[PDB]
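Peer 1: If it helps, the file is called query.txt and holds compact mmCIF, C-alpha atoms and all ligand atoms:
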```
# COMPACT_ATOMS: atom_id res chain seq x y z
CA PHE Z 1 147.10 -47.22 78.84
CA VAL Z 2 148.70 -46.57 75.47
CA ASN Z 3 151.23 -44.09 76.99
CA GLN Z 4 153.90 -46.78 77.31
CA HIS Z 5 153.11 -48.06 73.86
CA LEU Z 6 153.62 -44.59 72.36
CA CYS Z 7 156.71 -43.91 74.45
CA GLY Z 8 158.19 -47.11 73.15
CA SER Z 9 157.74 -45.90 69.60
CA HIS Z 10 159.91 -42.90 70.31
CA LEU Z 11 162.48 -45.00 72.22
CA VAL Z 12 163.12 -47.24 69.22
CA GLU Z 13 163.60 -44.25 66.94
CA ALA Z 14 166.11 -42.75 69.46
CA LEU Z 15 168.00 -46.05 69.80
CA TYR Z 16 168.27 -46.35 66.02
CA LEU Z 17 170.02 -43.01 66.00
CA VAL Z 18 172.17 -43.53 69.13
CA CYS Z 19 173.35 -47.06 68.33
CA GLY Z 20 174.16 -46.64 64.70
CA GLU Z 21 175.82 -49.59 62.99
CA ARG Z 22 175.81 -51.50 66.33
CA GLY Z 23 172.11 -51.79 66.25
CA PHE Z 24 170.11 -52.47 69.36
CA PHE Z 25 167.83 -54.73 71.29
CA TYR Z 26 164.28 -53.69 72.11
CA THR Z 27 162.80 -55.87 74.85
CA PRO Z 28 159.80 -54.55 76.73
CA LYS Z 29 160.12 -56.31 80.11
CA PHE S 1 157.92 -36.47 82.99
CA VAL S 2 158.75 -37.41 79.41
CA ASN S 3 155.38 -36.03 78.13
CA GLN S 4 156.93 -32.69 77.20
CA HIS S 5 159.90 -34.42 75.67
CA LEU S 6 157.64 -36.52 73.43
CA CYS S 7 155.38 -33.59 72.61
CA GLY S 8 158.41 -31.68 71.50
CA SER S 9 159.28 -34.43 69.05
CA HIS S 10 155.96 -33.98 67.32
CA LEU S 11 156.23 -30.17 67.41
CA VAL S 12 159.49 -30.19 65.46
CA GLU S 13 158.02 -32.48 62.82
CA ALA S 14 154.99 -30.14 62.48
CA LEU S 15 157.19 -27.03 62.25
CA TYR S 16 159.29 -28.66 59.53
CA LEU S 17 156.15 -29.06 57.50
CA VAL S 18 154.56 -25.66 58.32
CA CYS S 19 157.68 -23.54 57.84
CA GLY S 20 158.99 -25.07 54.69
CA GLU S 21 161.98 -23.36 53.10
CA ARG S 22 161.91 -20.70 55.88
CA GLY S 23 162.96 -23.21 58.42
CA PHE S 24 162.37 -22.66 62.10
CA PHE S 25 163.77 -22.17 65.54
CA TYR S 26 163.21 -24.74 68.26
CA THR S 27 163.97 -23.31 71.69
CA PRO S 28 162.53 -25.08 74.71
CA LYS S 29 162.24 -22.24 77.26
CA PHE O 1 144.59 -31.90 75.83
CA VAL O 2 147.01 -32.72 73.04
CA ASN O 3 147.19 -36.42 74.10
CA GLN O 4 144.54 -37.44 71.58
CA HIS O 5 146.15 -35.30 68.93
CA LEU O 6 149.50 -37.04 69.44
CA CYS O 7 147.92 -40.48 69.69
CA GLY O 8 146.25 -39.85 66.38
CA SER O 9 149.61 -39.18 64.78
CA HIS O 10 150.79 -42.63 65.74
CA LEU O 11 147.49 -44.24 64.68
CA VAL O 12 147.82 -42.96 61.12
CA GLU O 13 151.37 -44.25 60.86
CA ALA O 14 150.20 -47.70 62.12
CA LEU O 15 147.26 -47.78 59.68
CA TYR O 16 149.56 -46.92 56.79
CA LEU O 17 151.57 -49.99 57.62
CA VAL O 18 148.63 -52.33 58.43
CA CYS O 19 146.44 -51.41 55.45
CA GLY O 20 149.05 -51.39 52.76
CA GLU O 21 147.80 -50.94 49.21
CA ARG O 22 144.18 -50.83 50.52
CA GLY O 23 144.79 -47.56 52.18
CA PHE O 24 142.60 -46.32 54.98
CA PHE O 25 140.17 -43.79 56.28
CA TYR O 26 141.07 -41.52 59.17
CA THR O 27 137.99 -39.90 60.67
CA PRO O 28 138.26 -38.48 64.17
CA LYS O 29 134.64 -38.74 65.42
CA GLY J 1 164.19 -52.36 81.43
CA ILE J 2 164.28 -49.50 78.93
CA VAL J 3 160.55 -48.68 79.27
CA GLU J 4 160.80 -48.41 83.07
CA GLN J 5 163.99 -46.39 82.91
CA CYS J 6 163.15 -44.15 80.01
CA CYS J 7 159.37 -43.61 79.97
CA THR J 8 159.14 -42.50 83.59
CA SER J 9 162.02 -40.00 83.19
CA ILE J 10 163.87 -38.54 80.11
CA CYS J 11 166.90 -40.68 79.18
CA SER J 12 169.97 -38.92 77.92
CA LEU J 13 171.75 -40.16 74.85
CA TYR J 14 174.36 -41.64 77.18
CA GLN J 15 171.71 -43.62 79.08
CA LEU J 16 170.08 -44.82 75.87
CA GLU J 17 173.41 -46.12 74.77
CA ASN J 18 173.22 -48.82 77.47
CA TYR J 19 170.68 -50.52 75.18
CA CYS J 20 172.90 -50.74 72.11
CA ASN J 21 174.36 -54.05 70.97
CA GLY G 1 157.42 -20.61 74.42
CA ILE G 2 156.26 -23.23 71.93
CA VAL G 3 156.17 -26.07 74.50
CA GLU G 4 153.98 -24.05 76.89
CA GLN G 5 151.71 -22.87 74.10
CA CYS G 6 151.46 -26.05 72.12
CA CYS G 7 151.81 -28.99 74.53
CA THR G 8 149.10 -27.81 76.91
CA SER G 9 146.61 -27.20 74.05
CA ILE G 10 146.55 -28.21 70.31
CA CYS G 11 148.19 -25.53 68.14
CA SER G 12 146.72 -24.88 64.75
CA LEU G 13 148.94 -24.62 61.72
CA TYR G 14 148.47 -20.86 61.93
CA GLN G 15 149.72 -20.77 65.53
CA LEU G 16 152.68 -23.00 64.71
CA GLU G 17 153.64 -20.60 62.01
CA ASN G 18 154.59 -18.03 64.67
CA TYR G 19 157.69 -20.18 65.23
CA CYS G 20 158.96 -20.11 61.67
CA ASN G 21 162.01 -18.07 60.70
CA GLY P 1 135.69 -44.39 66.34
CA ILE P 2 139.39 -45.23 66.06
CA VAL P 3 140.50 -42.59 68.60
CA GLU P 4 138.05 -43.86 71.24
CA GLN P 5 138.92 -47.48 70.56
CA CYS P 6 142.64 -47.14 70.16
CA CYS P 7 143.83 -44.22 72.31
CA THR P 8 142.20 -45.46 75.50
CA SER P 9 143.64 -48.99 75.08
CA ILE P 10 146.38 -50.49 72.78
CA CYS P 11 144.89 -51.77 69.50
CA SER P 12 146.34 -54.88 68.00
CA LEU P 13 147.20 -55.01 64.34
CA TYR P 14 144.03 -57.07 63.87
CA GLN P 15 141.89 -54.36 65.49
CA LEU P 16 143.57 -51.62 63.46
CA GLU P 17 142.71 -53.51 60.35
CA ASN P 18 139.02 -52.71 60.90
CA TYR P 19 139.91 -49.19 59.72
CA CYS P 20 141.38 -50.18 56.37
CA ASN P 21 139.53 -49.52 53.13
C1 LIG Z 101 161.28 -54.59 86.51
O1 LIG Z 101 160.64 -53.58 86.26
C2 LIG Z 101 162.72 -54.42 86.95
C3 LIG Z 101 162.85 -54.96 88.36
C4 LIG Z 101 164.30 -55.02 88.84
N1 LIG Z 101 164.80 -53.63 88.77
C5 LIG Z 101 165.82 -53.04 87.89
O2 LIG Z 101 165.99 -51.85 88.07
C6 LIG Z 101 166.65 -53.73 86.80
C7 LIG Z 101 168.08 -53.85 87.28
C8 LIG Z 101 168.88 -54.73 86.35
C9 LIG Z 101 169.08 -54.07 84.98
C10 LIG Z 101 170.55 -53.81 84.71
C11 LIG Z 101 171.02 -52.70 85.61
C12 LIG Z 101 172.30 -52.08 85.04
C13 LIG Z 101 173.30 -51.61 86.10
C14 LIG Z 101 172.59 -50.76 87.16
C15 LIG Z 101 173.62 -49.89 87.87
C16 LIG Z 101 173.23 -48.41 87.88
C17 LIG Z 101 174.20 -47.52 87.11
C18 LIG Z 101 173.62 -46.86 85.87
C19 LIG Z 101 172.17 -46.37 85.97
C20 LIG Z 101 171.33 -46.60 84.74
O3 LIG Z 101 170.76 -47.74 84.52
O4 LIG Z 101 171.18 -45.62 83.94
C21 LIG Z 101 165.11 -56.12 88.19
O5 LIG Z 101 165.72 -56.91 88.98
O6 LIG Z 101 165.19 -56.28 86.93
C1 LIG Z 102 157.34 -18.93 80.46
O1 LIG Z 102 156.74 -20.00 80.47
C2 LIG Z 102 156.68 -17.78 79.74
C3 LIG Z 102 156.39 -16.68 80.76
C4 LIG Z 102 155.90 -15.39 80.12
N1 LIG Z 102 154.66 -15.74 79.38
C5 LIG Z 102 154.41 -15.77 77.94
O2 LIG Z 102 153.28 -16.13 77.65
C6 LIG Z 102 155.36 -15.42 76.79
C7 LIG Z 102 154.93 -14.10 76.18
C8 LIG Z 102 155.97 -13.60 75.21
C9 LIG Z 102 156.07 -14.49 73.96
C10 LIG Z 102 155.68 -13.72 72.71
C11 LIG Z 102 154.20 -13.46 72.75
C12 LIG Z 102 153.70 -13.16 71.33
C13 LIG Z 102 152.57 -12.14 71.26
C14 LIG Z 102 151.47 -12.49 72.27
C15 LIG Z 102 150.16 -11.82 71.84
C16 LIG Z 102 149.00 -12.81 71.75
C17 LIG Z 102 148.44 -12.95 70.33
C18 LIG Z 102 148.63 -14.32 69.71
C19 LIG Z 102 148.46 -15.53 70.65
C20 LIG Z 102 149.46 -16.65 70.43
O3 LIG Z 102 150.64 -16.61 70.94
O4 LIG Z 102 149.07 -17.64 69.73
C21 LIG Z 102 156.98 -14.61 79.39
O5 LIG Z 102 157.13 -13.39 79.71
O6 LIG Z 102 157.74 -15.14 78.51
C1 LIG Z 103 131.27 -42.12 70.15
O1 LIG Z 103 132.28 -42.01 70.83
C2 LIG Z 103 130.79 -43.52 69.82
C3 LIG Z 103 129.42 -43.72 70.45
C4 LIG Z 103 128.76 -45.03 70.02
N1 LIG Z 103 129.68 -46.11 70.44
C5 LIG Z 103 130.48 -47.02 69.63
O2 LIG Z 103 131.17 -47.79 70.28
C6 LIG Z 103 130.57 -47.12 68.10
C7 LIG Z 103 129.86 -48.38 67.64
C8 LIG Z 103 129.72 -48.40 66.14
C9 LIG Z 103 131.07 -48.54 65.44
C10 LIG Z 103 131.13 -49.84 64.65
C11 LIG Z 103 131.20 -50.99 65.61
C12 LIG Z 103 131.76 -52.23 64.90
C13 LIG Z 103 131.17 -53.55 65.37
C14 LIG Z 103 131.19 -53.63 66.90
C15 LIG Z 103 131.11 -55.10 67.33
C16 LIG Z 103 132.22 -55.48 68.30
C17 LIG Z 103 133.17 -56.54 67.74
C18 LIG Z 103 134.60 -56.07 67.52
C19 LIG Z 103 135.17 -55.11 68.58
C20 LIG Z 103 136.02 -53.99 68.03
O3 LIG Z 103 135.49 -52.91 67.57
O4 LIG Z 103 137.29 -54.14 68.06
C21 LIG Z 103 128.25 -45.02 68.59
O5 LIG Z 103 127.04 -45.34 68.41
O6 LIG Z 103 128.98 -44.69 67.59
CL CL Z 104 153.79 -39.12 72.23
ZN ZN Z 105 154.38 -39.57 70.10
```
Could I get this structure in the form of C-alpha cells?
Peer 2:
Amino acid sequence: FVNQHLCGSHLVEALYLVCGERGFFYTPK
Amino acid sequence: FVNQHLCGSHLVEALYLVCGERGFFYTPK
Amino acid sequence: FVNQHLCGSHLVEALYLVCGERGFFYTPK
Amino acid sequence: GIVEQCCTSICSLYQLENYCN
Amino acid sequence: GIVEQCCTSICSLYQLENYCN
Amino acid sequence: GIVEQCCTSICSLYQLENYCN
C-alpha cells in the first residue's frame, strides 16, 4: 500500500505552495 | 477519490514536456 | 492501469536523491 | 490528520491551509 | 477529455500531443 | 524488479539503494 505514500508526496508539494513563507508541518499520524 | 486529482498532476507535467513552446490546454471535463 | 506508470515516476525521483553522484538504472521489467 | 483528510477526498486550498504554521 | 483518455490507460507521448496548442 | 518490489509495498531508502549504480 504505497498509495498513501505517493499521496503524501503530492500533499507536501501543495502545502509548500499554499503556506508560503509560513511554512508547514507534515506529520503523518 | 483523489486518484484523478493526482493523475492530473502528472498529466500537466507530461504535457509541459511534450508540447514545448506550443504550450497546452488543461481542461478537466 | 496507469498506477504503475505513476508509481514509476516517483521511484525515479527517489532514486535520483538516494543514489546521488552514483546515478542509477531504471529498468521496468 | 492531513493524510486521512486529504488522501481519501480532494482537499481544497482552503482546507490545506489548516496545516500551515 | 484528457483525464478520461489518459488516467484510465497510459497515454503515449503521441497521444498526449493531441492536447497541445 | 524495482516496480514489483517498490510499487506493491513502500521501499525504504536502504531498499532503494539496491538500484543505484
Ligand atoms: C485518526 O485517524 C484521527 C482520529 C480522530 N479523528 C479526527 O478526525 C481528528 C480530529 C482532531 C483534528 C483537529 C480537528 C480540527 C477541527 C475539526 C472541526 C471541523 C471543521 C473543519 C473541517 C476540516 O477539518 O476541514 C482524532 O481524535 O484525532
Ligand atoms: C465524457 O467523458 C466524454 C463523452 C464523449 N466521449 C468522447 O470520447 C470524446 C470524443 C470527442 C473528443 C475528440 C475526439 C478526437 C477524435 C477521436 C477519433 C479517434 C482517433 C484517435 C484516438 C485518440 O483520441 O487517441 C464526448 O462526446 O465528449
Ligand atoms: C518478475 O516479476 C520477477 C520474477 C522473479 N522474481 C524476483 O523476485 C527477482 C529476483 C532476482 C532479483 C535480484 C534479487 C536480489 C537478492 C534477493 C535476496 C533478498 C534480500 C534482500 C531483499 C530485497 O530485494 O529488498 C525473477 O526471477 O526475476
Ligand atoms: Cl500519484
Ligand atoms: Zn503521483
Peer 1: Got a sec to align chain G on chain J by every in-order Cα pair and hand back the fitted coordinates as a CSV table (one decimal) with C-alpha atoms, in the coordinates of the input?
Peer 2:
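File produced: part.csv:
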```
chain,number,residue,atom,x,y,z
G,1,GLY,CA,164.2,-52.4,81.4
G,2,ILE,CA,164.3,-49.5,78.9
G,3,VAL,CA,160.5,-48.7,79.3
G,4,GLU,CA,160.8,-48.4,83.1
G,5,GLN,CA,164.0,-46.4,82.9
G,6,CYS,CA,163.2,-44.2,80.0
G,7,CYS,CA,159.4,-43.6,80.0
G,8,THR,CA,159.1,-42.5,83.6
G,9,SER,CA,162.0,-40.0,83.2
G,10,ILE,CA,163.9,-38.5,80.1
G,11,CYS,CA,166.9,-40.7,79.2
G,12,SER,CA,170.0,-38.9,77.9
G,13,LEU,CA,171.8,-40.2,74.8
G,14,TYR,CA,174.4,-41.6,77.2
G,15,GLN,CA,171.7,-43.6,79.1
G,16,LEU,CA,170.1,-44.8,75.9
G,17,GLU,CA,173.4,-46.1,74.8
G,18,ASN,CA,173.2,-48.8,77.5
G,19,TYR,CA,170.7,-50.5,75.2
G,20,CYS,CA,172.9,-50.7,72.1
G,21,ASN,CA,174.4,-54.0,71.0
```
Peer 1: Set the distance at 10 Å and use all atoms listed in the file: which residues neighbour residue 1 of chain G once local chain neighbours fewer than 5 positions away are removed? I'd like the list as a list in words.
Peer 2: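 These residues fall inside the cut-off: residues 26, 27, 28 and 29 of chain S; 6 and 19 of chain G.
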Peer 1: Would you mind aligning chain O to chain Z, a least-squares fit over all C-alpha atoms taken in order, and returning the superposed chain as a short mmCIF file (atom, residue, chain, number, x, y, z; two decimals) with C-alpha atoms, keeping the file's coordinate frame?
Peer 2:
```cif
data_model
loop_
_atom_site.label_atom_id
_atom_site.label_comp_id
_atom_site.auth_asym_id
_atom_site.auth_seq_id
_atom_site.Cartn_x
_atom_site.Cartn_y
_atom_site.Cartn_z
CA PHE O 1 147.10 -47.21 78.84
CA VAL O 2 148.70 -46.57 75.47
CA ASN O 3 151.23 -44.10 76.99
CA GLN O 4 153.90 -46.78 77.31
CA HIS O 5 153.11 -48.06 73.86
CA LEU O 6 153.62 -44.59 72.36
CA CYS O 7 156.71 -43.91 74.45
CA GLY O 8 158.19 -47.11 73.15
CA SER O 9 157.74 -45.90 69.60
CA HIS O 10 159.91 -42.90 70.31
CA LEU O 11 162.47 -45.00 72.22
CA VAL O 12 163.12 -47.24 69.22
CA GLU O 13 163.61 -44.25 66.95
CA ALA O 14 166.11 -42.75 69.46
CA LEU O 15 168.01 -46.05 69.80
CA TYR O 16 168.27 -46.35 66.03
CA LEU O 17 170.01 -43.02 65.99
CA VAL O 18 172.17 -43.53 69.13
CA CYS O 19 173.35 -47.06 68.34
CA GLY O 20 174.15 -46.64 64.70
CA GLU O 21 175.82 -49.58 62.99
CA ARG O 22 175.81 -51.50 66.33
CA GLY O 23 172.11 -51.79 66.25
CA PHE O 24 170.11 -52.48 69.37
CA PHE O 25 167.83 -54.73 71.29
CA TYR O 26 164.28 -53.70 72.11
CA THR O 27 162.80 -55.87 74.84
CA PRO O 28 159.79 -54.54 76.72
CA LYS O 29 160.13 -56.31 80.11
#
```
Peer 1: Mind listing as a PyMOL selection string which residues of chain S are within 8 Å of chain G, counting all atoms listed in the file?
Peer 2: chain S and resi 4+7-8+11+14-15+18-19+22-29
Peer 1: Please produce a file of the residues just selected, as a PDB file, in the coordinates of the input, where the atoms kept are C-alpha atoms.
Peer 2:
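Here's the written file result-v9.pdb:
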```
ATOM      1  CA  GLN S   4     156.930 -32.690  77.200  1.00  0.00           C
ATOM      2  CA  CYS S   7     155.380 -33.590  72.610  1.00  0.00           C
ATOM      3  CA  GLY S   8     158.410 -31.680  71.500  1.00  0.00           C
ATOM      4  CA  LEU S  11     156.230 -30.170  67.410  1.00  0.00           C
ATOM      5  CA  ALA S  14     154.990 -30.140  62.480  1.00  0.00           C
ATOM      6  CA  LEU S  15     157.190 -27.030  62.250  1.00  0.00           C
ATOM      7  CA  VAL S  18     154.560 -25.660  58.320  1.00  0.00           C
ATOM      8  CA  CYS S  19     157.680 -23.540  57.840  1.00  0.00           C
ATOM      9  CA  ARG S  22     161.910 -20.700  55.880  1.00  0.00           C
ATOM     10  CA  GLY S  23     162.960 -23.210  58.420  1.00  0.00           C
ATOM     11  CA  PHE S  24     162.370 -22.660  62.100  1.00  0.00           C
ATOM     12  CA  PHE S  25     163.770 -22.170  65.540  1.00  0.00           C
ATOM     13  CA  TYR S  26     163.210 -24.740  68.260  1.00  0.00           C
ATOM     14  CA  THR S  27     163.970 -23.310  71.690  1.00  0.00           C
ATOM     15  CA  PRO S  28     162.530 -25.080  74.710  1.00  0.00           C
ATOM     16  CA  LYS S  29     162.240 -22.240  77.260  1.00  0.00           C
TER      17      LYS S  29
END
```
Peer 1: Rounded to one decimal, what separation in Å do you get between atom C19 of ligand LIG 101 (chain Z) and atom CA of residue 10 of chain S?
Peer 2: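 Taking atom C19 of ligand LIG 101 (chain Z) as the start and atom CA of residue 10 of chain S as the end point, the length is 27.6 Å.
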Peer 1: Please extract the residues at most 6 Å from ligand ZN 105 (chain Z), counting all atoms listed in the file, and provide them as a PyMOL selection string, using the chain letters and residue numbers of this document.
Peer 2: (chain Z and resi 6) or (chain S and resi 6) or (chain O and resi 6)
Peer 1: What would segment 6-20 of chain P look like with N, CA, C and O atoms restored, written as a short mmCIF file (atom, residue, chain, number, x, y, z; two decimals), in the frame of the given file?
Peer 2:
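After the write, part03.cif holds the following:
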```
data_model
loop_
_atom_site.label_atom_id
_atom_site.label_comp_id
_atom_site.auth_asym_id
_atom_site.auth_seq_id
_atom_site.Cartn_x
_atom_site.Cartn_y
_atom_site.Cartn_z
N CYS P 6 141.23 -46.83 70.20
CA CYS P 6 142.64 -47.14 70.16
C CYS P 6 143.57 -46.17 70.88
O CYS P 6 144.76 -46.41 70.94
N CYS P 7 143.05 -45.08 71.43
CA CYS P 7 143.83 -44.22 72.31
C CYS P 7 143.52 -44.37 73.80
O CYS P 7 144.17 -43.76 74.61
N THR P 8 142.51 -45.16 74.13
CA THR P 8 142.20 -45.46 75.50
C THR P 8 142.67 -46.88 75.84
O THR P 8 142.84 -47.18 76.98
N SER P 9 142.85 -47.76 74.86
CA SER P 9 143.64 -48.99 75.08
C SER P 9 144.46 -49.35 73.82
O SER P 9 144.18 -48.82 72.78
N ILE P 10 145.49 -50.19 73.93
CA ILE P 10 146.38 -50.49 72.78
C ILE P 10 145.63 -51.37 71.79
O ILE P 10 145.13 -52.41 72.14
N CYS P 11 145.58 -50.98 70.53
CA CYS P 11 144.89 -51.77 69.50
C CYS P 11 145.85 -52.67 68.82
O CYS P 11 146.92 -52.24 68.45
N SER P 12 145.50 -53.94 68.70
CA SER P 12 146.34 -54.88 68.00
C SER P 12 146.32 -54.54 66.55
O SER P 12 145.56 -53.71 66.13
N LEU P 13 147.16 -55.19 65.78
CA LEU P 13 147.20 -55.01 64.34
C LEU P 13 145.89 -55.51 63.70
O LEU P 13 145.43 -54.99 62.68
N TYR P 14 145.30 -56.51 64.33
CA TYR P 14 144.03 -57.07 63.87
C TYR P 14 142.87 -56.07 64.06
O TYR P 14 142.05 -55.91 63.18
N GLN P 15 142.86 -55.37 65.18
CA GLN P 15 141.89 -54.36 65.49
C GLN P 15 142.06 -53.10 64.67
O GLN P 15 141.07 -52.46 64.34
N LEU P 16 143.30 -52.74 64.36
CA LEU P 16 143.57 -51.62 63.46
C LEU P 16 143.11 -51.89 62.07
O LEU P 16 142.77 -50.96 61.33
N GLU P 17 143.09 -53.15 61.68
CA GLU P 17 142.71 -53.51 60.35
C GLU P 17 141.22 -53.26 60.05
O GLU P 17 140.86 -53.13 58.91
N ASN P 18 140.40 -53.13 61.07
CA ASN P 18 139.02 -52.71 60.90
C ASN P 18 138.88 -51.33 60.27
O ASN P 18 137.83 -51.00 59.75
N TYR P 19 139.93 -50.53 60.27
CA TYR P 19 139.91 -49.19 59.72
C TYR P 19 140.60 -49.12 58.40
O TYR P 19 140.84 -48.03 57.89
N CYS P 20 140.89 -50.25 57.77
CA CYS P 20 141.38 -50.18 56.37
C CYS P 20 140.22 -50.06 55.39
O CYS P 20 139.09 -50.45 55.70
#
```
